[PDB]
Each structure stands twice: as C-alpha cells, then as structure tokens.
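Below you will find one chain, with nothing else, as structure tokens; this is the form deposited in one PDB entry, and questions on how it binds or moves follow later.
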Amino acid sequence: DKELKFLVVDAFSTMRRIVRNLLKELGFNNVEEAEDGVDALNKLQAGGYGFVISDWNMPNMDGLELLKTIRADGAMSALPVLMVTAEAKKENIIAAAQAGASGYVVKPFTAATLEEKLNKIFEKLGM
C-alpha cells in the first residue's frame, strides 16, 4: 500500500512539490502531478490511481467541480479525495462533505498532519 499511486492537483508548482516531498517523507513515492482539473481528469482516465489530493480553488475548474465529476464517473467513483484549503469555513466543509470529499486539510501542514489525515481516511475507507 505504500505503493498506492497518488495524483496531486494544484495550479501552483511550488505547492505540488511541497505535497510531493511530504508524501515521500512518509514513504509514498508513487506520486503524480496535475496542473488543473481538466489535466487531472485526463490523467485519471488512464487508470491506476488510488488517491487524489486537490486544492480547493484552482483557476477554471475548481476542487469542488473536479470532485463532483470524479464521484459521478463510474470508473473512478470511489477514488479517495483529500481537499486542501487555506481557509476552513463551515460553509465549504459541509459542501465538500455533501459532494463526497474523503476529507479536508488546512494548509500549511506538516507530514505528521498529513499522515493523520491519510490514516483516518484509509481506515474509514476500510483500505
């Protein structure tokens, strides 16, 4: 399972590299990157991914739109999706909860905070 394949979606390169190094630090070296929602969806179609980490607000297709699209796609309807945000607000959290987000994490975060979140979802998703 440390071989689970992650797709990290963020408009900003620096932010994608940060998330990538935190995963490596934790033992997950099978990570991939996407620049926006469309790029994410195109990549996911090829298959083989087992976890998606996405920022909430990307230019064009935003995290919430990406999520509702993954959830509706039969082939990828069960993919775990961690939402990343700068501002946690009851309004955004519930909306994401209702659309199917597996969880949310406020940035900036450390590998210890990310791991805590990963686990809770892994055990939630019984995987």
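A residue's number is simply how far along the shown sequence it sits, counting from 1.
Although it is not shown, the form solved in complex with a partner chain is what the next lines describe.
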| Is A46 close to its partner chain in the entry with it bound, meaning a heavy atom pair under 4.5 Å apart or at it? | no
| query | Is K5 one of the residues lying within 4.5 Å of its partner chain in the entry with it bound, judged by heavy atom distances? | reply | no
| task | Please check if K117 has a heavy atom lying within 4.5 Å of any heavy atom of its partner chain in the entry with it bound. | result | yes
| request: Considering only heavy atoms, tell me if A97 and its partner chain come within 4.5 Å of each other in the entry with it bound. | output: yes
| note | Interface check vs its partner chain in the entry with it bound: of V38, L26, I93, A78, the one with a heavy atom inside 4.5 Å is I93
